[PDB]
Structures are given as structure tokens and as C-alpha cells.
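1. Sequence unavailable; structure follows:
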């Protein structure tokens, strides 16, 4: 597969095909995040540092940004921030450790 | 038999055949593991060290990894990690030795040769556990 993003007009050459059609890019505020798992060992240098991810790793994207998924990356779930007043709280469970 | 993995396009030459078709590779997080038994003495150097396995050996694979089964390896069971809160636990039984114990605290995936044990209680004690919560509270009846 091959991912094409941006302003671009092209013809589908004989053999090529779109997977699901023309898709719109994820656009995210700071109240919004994406949970998305790797499928292969991959690298992505968005900032100066390089984040690596092994074959089954989930991770969380967040912030004012636009994100287009890679071919090696599947998107699992869209998250939102929970607006917590001071002296209000939730009970989270870190399921890797259990705490 | 012969196992072909990866991005590859080929023709089935005259005589050849697929065993069950185009199959998708096992992909595993750290909450997931595979139990899979050998059928012949085999070697596999995934890391620098070499693990050997005799003809009937089960073992457990775990982690962020992708795994394609060998022709000498049969897959028995898919495991998941049990999310255990602190001060919560399960009763595992190592069936090679027999020693049932209690593993309490962190999350736990049952290794090779471990099974879940069931703790039964004497009659009426379960009625005391579920019904009577706080004997300072509901001690009236």
C-alpha cells in the first residue's frame, strides 16, 4: 500500500485502487487524543527526537495537530479529555501493573 | 511443507498447494501470549541466545512481537494477562510439581505448566461472605 496526503491530483494507474476512497485527515485539539497500535517495527521523527515502536505497541497521540495514519499503524480508539473540577476525580486503573 | 512469510508474490507450481490459504500473522501486545508445543527437536535463534526444545515441550511466547508458526511447531492456545489489582489475587497450580499457591498483587499471565485452581469453601461460609458485609453495620439481624 501507499499513503498519499496533501493537495495532490493524480490518476489511478492501471492496477492501482483506493482502499476506501478519499479520506479526511484527523484533526485534533488539546481536548482530543488518538489511541493507535503498531503492526510492524516503525520509526517516526515528527519532532527532533525519534520515537520507536515494536510490533504490538499501543500509544497515545494528543494535542493541537493533524495526523494521517501510516500503513504500519492501525487506529484503535479516539479519546477525549475528561473535564475534572477541582475536588472531583475518577478512578483509573493502569492495566499493565494493575494499580 | 514450507512456510512463506512476508511481502511476496508467487505462483503455485504444479504439485504445490496451500494448506489452508493465505493466513495472517499473529501480532501480540504485552497483554497477550501464545502457548505452542513442539513436534520435533528444533532450534530458534530469535535473540542472540538459542533456545532448544524437545519433541513434546510446550512453552510460552509473550510480548510486543509478531510470530509466524514453524512447520515443527503447533499452536495450542492464546493467553491473555489477568489484570490484578493490588490486594487481589488468583490461585494458580503448577501442574508439573502440583504446588497450588496464591499470586497476589501485580498483573499475571499464567506461564507454561500453570492452570487455575478453584478454592471451594465449607457450606454456609459463602453465605457469610456475600450477605453479611459489615457486622458493625448490619449486625442487627
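-> Good, I have the coordinates. Residues are numbered from 1 along each chain as shown, chains lettered A, B, ... in the order given.

2. Pull out the buried positions in stretch A:19-34.
-> Across stretch A:19-34, burial judged by 16 or more other C-beta atoms under 10 Å in any protein chain shown covers A:26, A:28, A:32, A:33, A:34. For every residue, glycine as well, the C-beta is placed using N, CA and C.

3. can I get those residues in a markdown table with distance to residue A:11 and secondary structure?
-> Below are those laid out as a markdown table (distance: C-beta to C-beta, whole Å; DSSP: H, G, I helix; E, B strand; the rest coil):
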| residue | distance to residue A:11 | secondary structure |
| --- | --- | --- |
| A:26 | 26 | strand |
| A:28 | 32 | strand |
| A:32 | 35 | strand |
| A:33 | 36 | strand |
| A:34 | 31 | strand |
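
4. Residue A:79: which of those is nearest?
-> residue A:33 (4.2 Å; C-beta to C-beta).

5. Quickly note the distance from that closest one to residue A:76.
-> 11 Å (C-beta to C-beta, to the nearest Å).

6. repeat for residue A:26
-> From residue A:26 over to residue A:76 (counting by C-beta to C-beta), the distance is 13 Å.

7. wait, isn't residue A:71 in contact with residue A:19?
-> No. Checked against C-beta atoms under 8 Å, the pair residue A:71 and residue A:19 is beyond contact range at 9.6 Å.

8. Quickly list what's touching both of those two.
-> Shared contacts of residue A:71 and residue A:19 (C-beta atoms under 8 Å, 6 or more residues apart in numbering or on different chains): residue A:1.

9. would you turn the buried residues of stretch A:19-34 into CSV with distance to residue A:66?
-> Shown next, in CSV, are these (distance: C-beta to C-beta, whole Å):
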residue, distance to residue A:66
A:26, 7
A:28, 7
A:32, 12
A:33, 13
A:34, 11
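
10. Of the residues you listed, just say which sits nearest to chain B.
-> residue A:34 (16.9 Å; C-beta to the nearest C-beta).

11. now the closest one, which residues is it bridged with?
-> Beta-bridge pairing for residue A:34 (DSSP bridges): residue A:61, residue A:78.

12. How about the residues of chain A by chain B?
-> With C-beta under 8 Å from any C-beta of the partner chain as the criterion, chain A meets chain B at residues A:37-40, A:54-58, A:93, A:95-99.

13. Show me the two of these that sit farthest apart.
-> So, those by C-beta to C-beta: farthest apart are A:40 and A:99, at 30.8 Å.

14. Chain A: strands as residue ranges?
-> A:26-28, A:32-38, A:42-44, A:51-53, A:58-62, A:65-67, A:73-80 (DSSP state E).

15. tell me the most buried of these?
-> strand A:32-38 (a mean of 18; mean count of other C-beta atoms under 10 Å in any protein chain shown).

16. now what about that one, what contacts it?
-> A:26, A:28, A:53-63, A:67, A:69, A:72-81, B:29, B:64.

17. ok now it, how far from the chain's centre?
-> 4 Å (C-alpha atoms, centre = their mean, to the nearest Å).

18. Please, a ChimeraX command that selects the buried ones among the residues of chain A next to chain B?
-> Listed next is the ChimeraX selection for buried residues among the residues of chain A next to chain B, using 16+ other C-beta under 10 Å:
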select /A:37,38,39,54,55,56,57,58,98
